[PDB]
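Just one chain is shown here, as structure tokens, and it is the form deposited in one PDB entry.
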């Protein structure tokens, strides 16, 4: 499966400060990148256009154990397209609802390159909750359709963080 992006399918306003704090990923498209257990991501903002994420996840061994991994990802917001954050791997915000309620979510499509002639990409749903809320599924279906995908094809992830 390949990418591209597309301007009219992005959120048209987005405040990077709405990423502040903790989010889980509760659903992902690419099983290589997007479907790990216990993906907890914590975000702050530096200046008015940089988003810094402290990213964690588990890798599941065949032993049925796991190791936790951590990383730092940093993005700068496009001054003209608020739904585009370039890595400073690019993120395109397809849909979001932030009302400071437990069902808040941000739906992120990403692409990257592994060299000049090959790219990869994926999508994840960030939510305040550890569980994928049923309340946001028509929005997610609609957003996944806007990038040519069927939301039923996404993998729901496991945030039992025990």
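Rigid core (definition): largest C-alpha set, two forms, superposition within 1.5 Å. Positions refer to the first chain, counted from 1.
There is another form of the same protein, the form deposited in another entry; it is not shown, and what comes next is about it.
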After superposing the rigid core, is the C-alpha displacement of residue 58 2 Å or more between the shown form and the other one? yes
With both forms fit on the core, has residue 134 moved 2 Å or more by CA between the shown form and the other one? no
Core-aligned CA displacement of residue 104 at least 2 Å between the shown form and the other one: no
Indicate closer or farther: the Cα atoms of residue 117 and residue 30, in that other deposited form, relative to the displayed form, with a change of 3 Å or more. closer
